[PDB]
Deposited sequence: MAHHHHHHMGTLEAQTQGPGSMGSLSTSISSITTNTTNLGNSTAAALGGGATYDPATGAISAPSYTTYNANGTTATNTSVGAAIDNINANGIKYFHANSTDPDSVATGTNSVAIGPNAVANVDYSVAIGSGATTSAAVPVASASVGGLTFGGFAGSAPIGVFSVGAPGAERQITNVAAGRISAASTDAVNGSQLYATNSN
């Protein structure tokens, strides 16, 4: 009888502590032995959320659809970042150059080309650490909503089309 009591009491501790470790509102019922399903929220890419009733479902959703504030809408192959300290974001993005970024579907990286002058000298940012790629040859992206950059010898700001327009008027 003492053994039966011990097992019952300890099994309740097992149920309770399992539910506690799961979180997501899981609870243990000593009358039935059931742990009620956890509810884990994940963030879809379309402005909605999903309720997951297992840990595995939540992990799969994190990979399939992203996390809050970081979403790629795709079923294409994973991005690949093999460069040292490199970042690859989006389906089929490949950052194989060191200290670089590939961002956007199909974006690739090739080595940075240092530019100090052109045939005009004294360029700022003449010694790049790597590239920041927004696409690939033949699959370029138009970079939009760029604020006017400083136009000075020291400036490493990007310039926008309105600035090139003004200088050619």
item: Stretches with no C-alpha position, numbering per deposited sequence from 1; value: 1-25, 145-149, 200
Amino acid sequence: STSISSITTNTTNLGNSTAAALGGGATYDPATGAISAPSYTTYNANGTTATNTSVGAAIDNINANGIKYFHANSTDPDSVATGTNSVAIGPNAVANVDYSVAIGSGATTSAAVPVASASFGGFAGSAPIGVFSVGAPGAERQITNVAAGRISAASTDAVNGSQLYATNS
From here on, numbers count along this sequence of modelled residues.
item: 64-72 versus 28-36 - which carries the larger mean C-alpha B factor in the record; value: 28-36
item: Of 110-118 and 124-132, the stretch whose C-alpha atoms average the higher B-factor in the entry; value: 110-118
item: Lowest, middle or highest third - CA B-factor, residue 151; value: highest
item: Chain-relative CA temperature factor third for residue 158; value: middle
item: Residue 13 CA temperature factor, ranked by third within the chain; value: middle
item: Ranked against its chain, the third holding the CA B-factor of residue 82; value: highest
item: Chain-relative CA temperature factor third for residue 49; value: highest
